[PDB]
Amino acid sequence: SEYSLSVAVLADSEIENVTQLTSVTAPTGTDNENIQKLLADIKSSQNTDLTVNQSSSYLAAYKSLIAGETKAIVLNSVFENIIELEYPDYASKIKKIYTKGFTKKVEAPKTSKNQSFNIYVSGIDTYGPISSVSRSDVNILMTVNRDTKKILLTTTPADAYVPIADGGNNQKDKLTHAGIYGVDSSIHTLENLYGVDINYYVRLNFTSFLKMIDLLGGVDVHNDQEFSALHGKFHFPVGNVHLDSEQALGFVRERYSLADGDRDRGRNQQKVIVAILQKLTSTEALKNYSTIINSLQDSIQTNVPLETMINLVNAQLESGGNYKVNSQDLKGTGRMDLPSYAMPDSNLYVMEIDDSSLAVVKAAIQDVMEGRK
């Protein structure tokens, strides 16, 4: 993966280059490794020593820059998308006078040592190309036991107030924000929360979802409550419903009008996962899995190795047999009085986790993995 650290000044600054500076403001408390590599690079290429004025975060550095309290900041490009949350026009306010590119070797998928594995499904709140950055409003863990032919779907509410890994600095914030830092942040956040290994991920957005449902010929679900979606464009009666791509997207997005609100939306997403799995495990879909990869690979990101896909597909082609699917959701209490790490100046709704629910959720994941009752 690729990111950059830059030295940024205000767009209209007289400063043109780093040799004109004596100090820079940077969050060395939380991004010190990266910051020190940038400073060493500046020393190497420009023979310029800079002292650091410590900021509490990249957001804090940005605030100091626009307040005119510092002349220059360090900016790590990952954190641009976080700054954008409180300051949507930040890009127009700054210029970059020095740039250093970075690469982080990707954390490999973990092959499970037994019959079970966990796949994390991240759904990103945007249309367009898959590289588009946004929050992850779908966060479903699929625990699959190939020996017992059981799958457990664990939904964690987008607003769940949890320690956010990596860029989140292990500070509490809504889970959906982890997806802005990147899929690694989402994965490690949920690994930490549930005490489990996540073997693989799949990341997709609105446009990805539409393409996938299109390719599979729609999906079929049993709808439990009458509702409408997308400012009344679609109406879903009680009973068996076929969903084409646009209908399915409406079906998984509506929450406010549902009897159990976001929990019912989570359940509707689980129904749609089951229906997708039913299409994906048809003899035709399995035989044609390579065409499905070819058709969706530009819009769906995953670290499931090709090798593993071939094993999963062919084992299913040989054996048949459907997976029994069960579902659960992490519960808690909605509050508007708890601080957001990413958006410290905003009052956001978050869901404070219920400890007893967390214990139950963890025990159910372990039971399915171990092939227990």
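One-based numbering along the sequence shown.
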property	result
Between the two ranges 297-305 and 155-163, the one averaging a larger CA B factor in the entry	297-305
Segment of higher mean CA temperature factor, 223-231 or 181-189	223-231
Residue selected from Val138, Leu141, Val133, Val202 by maximal Cα B factor	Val133
Largest Cα B-factor, entry values, listed residues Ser340, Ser327, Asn314, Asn32	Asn32
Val361 by Cα B-factor - lowest, middle or highest third of the modelled chain	middle
Among modelled residues of the same chain, the CA temperature factor third for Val350	lowest
Where the record places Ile310 (Cα B-factor, split into thirds across the chain)	lowest
Relative C-alpha B-factor of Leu210, binned into the chain's lowest, middle or highest third	middle
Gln270 CA temperature factor, ranked by third within the chain	lowest
